[PDB]
Amino acid sequence: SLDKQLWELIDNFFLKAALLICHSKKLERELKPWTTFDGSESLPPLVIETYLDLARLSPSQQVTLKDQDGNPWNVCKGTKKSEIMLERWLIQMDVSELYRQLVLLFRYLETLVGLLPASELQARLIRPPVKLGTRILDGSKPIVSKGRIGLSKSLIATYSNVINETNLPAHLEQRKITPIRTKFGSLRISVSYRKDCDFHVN
């Protein structure tokens with residue numbers, strides 16, 4: 001009984017959360033794993049990739065990235081690469097009260113989305129060639145990606161990787177929301193993102 005309200009709150013949040021993240025930078029096909037969810041299978045982990053789409057570049061156009069010192073680094077030329085990964089989100093599962101925990105979580109997530117470096121790139125792209133895109137993925141599946149610039153490619157060679165608890169290379173950063181404690185497990189949202197997004201096309 002209760003157990004069905006709880007699951008519906010949960011599944012609805014996943015849906016709202018994914019919608020927020022995507023609308024900030026068809027979707028129905030990709031949301032099928034969470035829109036067609038019953039108890040009969042686990043609620044799959046929800047993966048969101050945010051990238052810089054390079055489809056519309058001509059062969060002579062160079063992508064550069066400026067570092068925090070405002071110095072340029074080459075990234076790629078024309079159509080060699082299809083996209084540059086910028087963020088990867090993961091939303092996963094391990095009363096009126098769980099309802100309130102999710103309202104709080106949602107507003108917090110609205111604020112966090114607006115603060116990331118890719119939002120600063122979005123701002124500059126839509127101030128009144130290349131666009132931002134997102135893609136939702138079922139994260140219990142591996143995926144290969146032939147000819148894009150992955151999150152793993154640091155582009156700025158001044159970064160020096162050191163041992164740390166997030167296990168990320170130094171050009172990347174990670175944020176995690178406090179988990180929401182629930183009887184079915186913990187609701188955990190995290191995002192890994194490229195620190196620098198001051199990209200230029202010439």
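Basis for what follows: all heavy atoms, side chains included, without hydrogens, waters or symmetry-related copies. All residue numbers refer to positions in the sequence shown, counting from 1.
The nearest pair of heavy atoms linking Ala18 to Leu46 is CB-CD2, 4.1 Å. When every heavy atom of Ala118 is checked against every heavy atom of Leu132, the shortest pair comes out as O-CD2, 3.6 Å. Smallest separation of non-hydrogen atoms from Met85 and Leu151: CB-N, 3.5 Å. Nearest heavy-atom pair across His171 and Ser154 is ND1-CB, 3.2 Å. Closest non-hydrogen pair, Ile48 versus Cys22, comes out as CG2-SG, 4.4 Å. When all heavy atoms of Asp94 and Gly185 are compared, the closest pair comes out as CB-CA, 3.3 Å.
Considering only residues two or more places apart in sequence or on other chains, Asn161 meets the side chain to side chain contact (heavy atoms under 4.5 Å, CB included) condition with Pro169, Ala170.
Under the 4.5 Å side-chain criterion, counting only non-hydrogen atoms from C-beta, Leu9 is not in contact with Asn12. Looking at heavy atoms from C-beta onward, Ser186 lies in side-chain contact with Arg181 at the 4.5 angstrom threshold. Side-chain contact between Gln61 and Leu54: absent, with no pair of heavy atoms (C-beta onward) separated by less than 4.5 Å. Looking at heavy atoms from C-beta onward, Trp7 lies out of side-chain contact with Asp38 at the 4.5 angstrom threshold. Residues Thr79 and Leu57 are not in side-chain contact: their nearest non-hydrogen atoms beyond the backbone lie 4.5 Å or more apart. Within the 4.5 Å cutoff, side-chain heavy atoms of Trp34 are placed close to those of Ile136. Counting only heavy atoms from C-beta outward, the side chains of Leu31 and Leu19 approach each other to under 4.5 Å. Two residues are said to be in side-chain contact when any heavy atoms from C-beta on lie closer than 4.5 Å; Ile149 and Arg194 meet this criterion.
Using a 4.0 Å cut-off between charged nitrogen and carboxylate oxygen, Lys4 and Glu8 do not count as a salt-bridge pair.
Residue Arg148 holds its CZ atom at 5.0 Å from CD of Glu83, rounded to the nearest 0.5 Å. Distance check, rounded to the nearest 0.5 Å: OG1 of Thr64 to NZ of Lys77 gives 14.0 Å. Remark: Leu116 CG to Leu121 CG distance equals 12.0 Å, nearest 0.5 Å. Considering CD1 of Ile189 and CZ of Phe13, their distance stands at 4.5 Å, rounded to 0.5 Å. To the nearest 0.5 Å, the span separating CD on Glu28 from OG1 on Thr35 amounts to 6.5 Å. Distance check: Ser119 OG to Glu87 CD gives 6.5 Å after rounding to the nearest 0.5 Å.
In this structure, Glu97 places its CD atom where more than 12 heavy-atom neighbours from other residues, nucleotides or ligands lie under 6.0 Å away. Enclosure of atom NZ in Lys153 is not indicated, since only 12 or fewer non-hydrogen atoms of other residues, nucleotides or ligands lie within 6.0 angstrom. Crowding of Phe184 atom CZ: a count of heavy atoms from other residues, nucleotides or ligands under 6.0 Å exceeding 12.
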Q: I would like to know whether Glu30 and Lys26 meet salt bridge (charged side-chain N to carboxylate O under 4.0 Å, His left out); could you show each step before the answer?
A: CA-CA 7 Å; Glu30 295 201 304; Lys26 315 268 96 178; over 6 Å; no
Q: List the steps, then state whether side chain to side chain contact (heavy atoms under 4.5 Å, CB included) holds for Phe37 with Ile10.
A: CA-CA 11 Å; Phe37 166 77; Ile10 295 156; over 6 Å; no
Q: Show your reasoning for whether side chain to side chain contact (heavy atoms under 4.5 Å, CB included) applies to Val103 and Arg107.
A: CA-CA 6 Å; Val103 161; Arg107 298 193 284 238; 3.4 Å; yes
Q: Let me see the working for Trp73 and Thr158 under side chain to side chain contact (heavy atoms under 4.5 Å, CB included), right down to the final yes or no.
A: CA-CA 11 Å; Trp73 297 73; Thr158 56; 4.0 Å; yes
Q.
Let's go through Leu20 and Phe106 carefully: what are the C-alpha distance in whole Å and the side-chain angles of both, what is the deciding distance for side chain to side chain contact (heavy atoms under 4.5 Å, CB included) to 0.1 Å, and is it a yes or a no?
A. CA-CA 9 Å; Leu20 220 223; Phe106 186 76; 3.6 Å; yes
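Under the 4.5 Å side-chain heavy-atom criterion for ILVMFWY residues, a single connected hydrophobic cluster contains both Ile21 and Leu43. If you chain together hydrophobic residues whose side chains sit under 4.5 Å apart, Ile156 and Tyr51 never meet in one group. Side-chain heavy atoms closer than 4.5 Å link hydrophobic residues (I, L, V, M, F, W, Y) into clusters, and following such links, even through other members, never connects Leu172 to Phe199. Put simply, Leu104 and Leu98 are part of two different groups of oily side chains (I, L, V, M, F, W, Y) that touch within less than 4.5 Å, one to the next. No path of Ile, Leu, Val, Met, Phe, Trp and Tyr side chains, each step under 4.5 Å between heavy atoms, connects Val113 with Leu86, placing them in separate hydrophobic clusters.
A donor-acceptor pair is defined here as one N or O able to donate and one able to accept, closer than 3.5 Å; no such pair exists between the side chain of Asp69 and the backbone of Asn71.
Put simply, the residue from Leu187, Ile91, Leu112 that forms a side-chain contact (heavy atoms from CB on, under 4.5 Å) with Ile177 is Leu112.
Connectivity analysis of hydrophobic side chains (ILVMFWY, heavy atoms under 4.5 Å, direct or indirect) links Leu2 to nothing; its cluster partners are none. Other residues sharing the hydrophobic cluster of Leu90, ordered by chain and number and joined by side-chain separations under 4.5 Å: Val47, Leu137, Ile143.
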